[PDB]
Number of protein chains: 2
Amino acid sequence: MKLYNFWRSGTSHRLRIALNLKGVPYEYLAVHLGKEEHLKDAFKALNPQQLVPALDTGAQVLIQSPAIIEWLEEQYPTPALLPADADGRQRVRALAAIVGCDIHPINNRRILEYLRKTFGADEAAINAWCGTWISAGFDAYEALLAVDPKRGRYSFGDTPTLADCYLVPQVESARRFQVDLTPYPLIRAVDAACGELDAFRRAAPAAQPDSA
Amino acid sequence: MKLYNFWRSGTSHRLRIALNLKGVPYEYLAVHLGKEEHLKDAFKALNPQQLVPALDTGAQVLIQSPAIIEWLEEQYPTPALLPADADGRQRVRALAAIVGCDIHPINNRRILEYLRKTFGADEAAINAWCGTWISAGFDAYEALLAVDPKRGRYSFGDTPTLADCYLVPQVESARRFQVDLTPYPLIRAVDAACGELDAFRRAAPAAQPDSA
Ligand SMILES: N[C@@H](CCC(=O)N[C@@H](CS)C(=O)NCC(=O)O)C(=O)O
Ligand SMILES: N[C@@H](CCC(=O)N[C@@H](CS)C(=O)NCC(=O)O)C(=O)O
């Protein structure tokens, strides 16, 4: 297994947590987004979409972190990252999708570049943009954590799930874009509890080979 | 079941197709996005995130169309919208995630409103934005359809899948934003094949009760 990814990438960080929780070994292959190595014909051979991450399983190159992570859950049952019952699965998947659909893609490099080059945005306007979508997404996420009475230390129950895999990288991203997280005690408690776990610690951007 | 949705909403349309394919009956409850009925406290009681669609199952209100659809596939097995094998699953999920993560959310109403109100974007700039992310996502989607040797009429195999549930609304949106689809014959052929099916036809925005 070869993971084509980038240290500060939220989607890379997402897949790293899932892989580490499953204890699946993989070779770390850095694809430097700042250098735009993903925008080159060489990387297009691996991923036509030209985004990270991409996972070479040995037999094939897989794309889309959400699809890869669902794949890992089935290919590597232990520990389970999705609950067994329909209602629980739907809720974990919804919490994940708040991050995966409604926060992360909006703050992606290509988007911020568009805002800079087409809309003349300076860095303060970039940070105001990222904070808008994060705050909106975290508002909804936090509200959902509040109403779940059976919830323990993490997003759902008292074991780490897919939802935590999506949430942790997003909280890190929020801190990079200087998003004030005071209004989200519950998300911050989930993030800190996750931060105690080896799988999460090893996956963090600063622990990566290509870190600054 | 009650479906809180909007006729031209791409995610609403996505969910409608899945519900129609599963032959599951629901009450159509319109939530007018142009009137911003979703931004009112009344809708926040149903969905704290304040987006459409939301599905009241009688017993609970479900949010996040990707999660709801994965829920329907488990709850209502026939006809199968995900293949049986892991590699097939992952690939259908990846195609859906290109649309669900990397196209649709970028062109959402709230985002375009932000471009208008913060960056002073006019409609031509709005259309140039929307086409940028659609063309980028469709480039990758189309490339994947081309490299699948055993593909029939649809995105994967020769039965409709979740991927088609995501693709068709996106193609409709592409047409609303005047995106030139000449470069995507394979996507256009998948869409035309889907448009032959009762389930898709009934789900089309123009066929909805709150349509113009
Ligand atoms: N849905 C994709 C999203 C991939 C994605 O957007 N990756 C970002 C890194 S977090 C990227 O490659 N950005 C490069 C760019 O914006 O040019 C996935 O989760 O795999
Ligand atoms: N990930 C969500 C996305 C929902 C979403 O963004 N819905 C749009 C309609 S396609 C919406 O409600 N937009 C209202 C707005 O932008 O203010 C889902 O699939 O349920």
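Every number for a ligand or one of its atoms is a count from 1 in the order of the listing. Residue numbers start from 1 in every chain, and the chains themselves are labelled A, B, ... in the order their sequence lines are given, proteins ahead of strands.
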Taking the six-membered ring where the residue is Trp, are the ring centres of A/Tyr114 and B/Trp133 under 6.0 Å apart? yes
At less than 3.5 Å, what protein N or O atoms come close to the N or O atoms of ligand 1? Include the distances to 0.1 Å.
residue  : atom   : partner  : partner atom : Å
ligand 1 : 1 (N)  : A/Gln64  : OE1          : 2.6
ligand 1 : 1 (N)  : B/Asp102 : OD1          : 3.1
ligand 1 : 1 (N)  : B/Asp102 : OD2          : 3.2
ligand 1 : 6 (O)  : A/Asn108 : ND2          : 2.8
ligand 1 : 7 (N)  : A/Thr11  : OG1          : 3.4
ligand 1 : 7 (N)  : A/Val52  : O            : 2.8
ligand 1 : 12 (O) : A/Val52  : N            : 3.0
ligand 1 : 13 (N) : A/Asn108 : OD1          : 2.9
ligand 1 : 16 (O) : A/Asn108 : OD1          : 3.2
ligand 1 : 16 (O) : A/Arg110 : N            : 2.8
ligand 1 : 17 (O) : A/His38  : NE2          : 2.8
ligand 1 : 19 (O) : A/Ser65  : N            : 3.4
ligand 1 : 19 (O) : A/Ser65  : OG           : 2.6
ligand 1 : 20 (O) : A/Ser65  : N            : 2.7

Between A/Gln49 and B/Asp139, does any side-chain donor sit less than 3.5 Å from a side-chain acceptor? no
Does any non-hydrogen side-chain atom of B/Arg176 lie less than 4.5 Å from one of B/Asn127? no
Have A/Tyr26 and A/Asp56 got a donor and an acceptor in their side chains that come within less than 3.5 Å? no
Taking atom types as modelled, is there a side-chain donor on A/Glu74 or B/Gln90 under 3.5 Å from an acceptor on the other? no
Mind checking what makes side-chain contact (heavy atoms from CB on, under 4.5 Å) contact with A/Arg116, not counting sequence neighbours? A/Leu112, A/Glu113, A/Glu123, A/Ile126
